[PDB]
Amino acid sequence: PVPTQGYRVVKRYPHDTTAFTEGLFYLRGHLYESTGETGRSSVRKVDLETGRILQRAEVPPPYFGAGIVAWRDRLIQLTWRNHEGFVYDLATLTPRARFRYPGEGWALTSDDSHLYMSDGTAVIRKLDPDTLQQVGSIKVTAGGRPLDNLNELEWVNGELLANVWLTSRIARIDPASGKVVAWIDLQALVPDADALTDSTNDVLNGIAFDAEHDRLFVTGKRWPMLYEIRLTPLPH
Ligand SMILES: [Ca+2]
């Protein structure tokens, strides 16, 4: 069976409890965070240490923003059920382009050549960053069972991390095979794993990796904190 990998909390940082997190990434010392509601949706540039909003953009109405990723000088964002995505200039957070895709947009991340998109199914789409056209896919499995409902992604050291909200776990995925190589069980950080929870409640929904300093951050909808966590090496 798939092993469970340990972790430790390095540091807790403040997080704004108005942030209904829909995606997160880190770039050049700041966090960028999507916040989801069809009735007010935003992309925020956030100071890590203080949790304060430095800059924000409103998602084009009537859409609800979903996952986000940086690519070069751009910020690319999905929408939940609008079929529509947006590209912003990163520096000014002003919208510059739009694109359309089949299905629901849940989460995005990127490696050095491609974007990776979750749509709630077990098949992650690999996209060309400039055209947004689909050029490949990864079928994700854990011990052979399809794994769907992946509400956040983050690329970390050649692997894809994906949150599985209904089990409170992050899957570390080998992108070459699509196989889950380990679970990380973050139930300890979820504000209340004990109650009846839907995907709109205080679920983990932001995973961001600072590759320059090898820092992994996690937060979620209305969480009071953002955590830097260090994964414990697995044996074998
Ligand atoms: Ca992310």
Side-chain angles (χ1 to χ4, degrees), residues 7 13 15-16 19-36 41-48 51 57 59 64-72 74-80 85-88 90 93 104-120 124-127 129 138 140 147 149-165 168-173 175 180 183-184 186 189-190 199 202-223 225-231:
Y7 72 97
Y13 299 86
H15 180 244
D16 181 355
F20 290 23
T21 310
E22 288 295 357
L24 191 75
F25 66 81
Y26 173 94
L27 177 67
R28 263 62 100 354
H30 299 107
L31 295 161
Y32 286 82
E33 188 173 4
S34 183
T35 62
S41 199
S42 78
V43 179
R44 299 171 178 207
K45 177 184 180 185
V46 178
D47 181 64
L48 172 66
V59 169
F64 172 130
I68 52 165
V69 63
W71 182 261
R72 300 195 186 263
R74 304 185 303 275
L75 191 162
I76 302 170
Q77 182 176 36
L78 310 172
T79 58
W80 182 27
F86 297 112
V87 176
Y88 301 83
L90 240 199
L93 297 180
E104 284 189 358
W106 286 43
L108 284 172
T109 188
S110 72
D111 64 6
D112 52 10
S113 297
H114 292 88
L115 310 183
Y116 298 87
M117 176 175 162
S118 169
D119 62 1
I124 298 171
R125 312 175 188 180
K126 189 175 187 202
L127 310 179
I138 293 159
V140 186
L147 182 70
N149 276 265
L150 302 178
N151 72 342
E152 171 61 338
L153 294 180
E154 186 64 8
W155 193 266
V156 180
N157 298 144
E159 288 179 313
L160 178 64
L161 293 192
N163 194 62
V164 189
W165 69 273
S168 301
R169 290 174 193 213
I170 294 177
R172 283 178 42 225
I173 301 155
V180 174
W183 304 120
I184 305 143
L186 295 181
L189 304 187
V190 180
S199 60
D202 301 3
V203 286
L204 197 157
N205 216 137
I207 303 166
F209 184 58
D210 166 3
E212 177 179 356
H213 308 100
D214 187 18
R215 303 188 294 170
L216 184 60
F217 300 109
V218 300
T219 195
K221 298 190 182 292
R222 303 206 288 161
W223 284 26
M225 294 183 271
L226 172 143
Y227 298 91
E228 179 178 345
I229 65 170
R230 193 90 71 233
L231 302 189

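Nothing fancy with the numbering, it's 1 onward along the sequence. First listed ligand is number 1; within each ligand, the first listed atom is number 1.
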Exercise for review: Please work out whether the ring planes of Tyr116 and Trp155 are parallel, tilted or perpendicular, with thresholds of 30° and 60°.
Suggested key: parallel

Exercise for review: Using a cut-off of strictly less than 3.0 Å, determine whether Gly67 has an N/O/S atom near the Ca ion (ligand 1).
Suggested key: no

Exercise for review: Return the minimal non-hydrogen interatomic distance between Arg44 and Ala19, and the atom names on each side.
Suggested key: NH1-CB, 3.5 Å

Point to revise | Straight-line distance of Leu31 CG to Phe25 CZ, nearest 0.5 Å | key: 9.5 Å

Practice item. Check the surroundings of atom CZ in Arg222: do more than 12 heavy atoms from other residues, nucleotides or ligands lie under 6.0 Å from it? Key: no

Practice item. Restricting to N/O/S, name the atom of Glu154 that gets closest to the Ca ion (ligand 1). Key: OE1

Review point. In degrees, rounded to 10 degrees, what angle do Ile207 atom O and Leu24 atom O make at the Ca ion (ligand 1)?
Key: 80°

Review point. Tell me, which N, O or S atom in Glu152 is closest to the Ca ion (ligand 1)?
Key: OE2

